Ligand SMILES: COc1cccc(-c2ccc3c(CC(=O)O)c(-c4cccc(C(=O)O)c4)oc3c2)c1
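What follows is a single chain, given as structure tokens, in the form deposited without the ligand.
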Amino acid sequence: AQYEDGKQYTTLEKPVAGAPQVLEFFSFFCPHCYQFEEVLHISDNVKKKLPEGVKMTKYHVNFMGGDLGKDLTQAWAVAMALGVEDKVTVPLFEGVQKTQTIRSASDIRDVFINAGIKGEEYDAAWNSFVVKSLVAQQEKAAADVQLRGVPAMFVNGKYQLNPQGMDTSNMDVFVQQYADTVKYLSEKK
């Protein structure tokens, strides 16, 4: 098996010229969400070998049958705006992965304020242009690629992996094969 267009990565017919060599689509409501950036250390391990010829972007999805999820996308913007992710993500990742208390945009705000992001600070961050710029780019991120399966990854907006529960029984071959998928697709151009 050597990536047969569809096995370890398929191709979409709606590419995005300029797209990121590695667009990452993930929200705080997936089963791999918590296992993709915490236990499988696939986020750091892949970053340890990040070559300066591949832009790894990370975006939030807006399709988890959870209206607050859309606000959750505002979470990736309002957070990246105040670098409060590490702070609200912990109580946010464990909030949707062990409690289910995260089911209301108002809830996403409860954890946001838990990081000292008083509604005044966040309400201003969003009301601002830089945070709003990351918000319009977010909806535009999944709106341009469309996105239809979390977690989702798109290289240069042309090659998209297919991590839909591989279950290969080899977390070692998955971290190596994956690190390769991005290492070779980075050779596309």
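Throughout, we count residues from 1 along the sequence that is shown.
Here the subject shifts to the form deposited with the ligand bound, a form of this protein not shown in this document.
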Ligand-site obstruction classification: the ligand, superposed in the bound PDB entry, backbone or C-beta within 2.4 Å: blocked
Three-residue site 32, 35 and 164 fully in contact with the ligand in the bound PDB entry at 4.5 Å by heavy atom: yes
Contact flag, residue 168 vs the ligand in the bound PDB entry, heavy atom cut 4.5 Å: yes
Heavy atom of residue 134 within 4.5 Å of the ligand in the bound PDB entry: no
Residue contact check: residue 40 to the ligand in the bound PDB entry, 4.5 Å heavy atom: yes
The ligand contact in the bound PDB entry: residue 54, any heavy atom under 4.5 Å: no
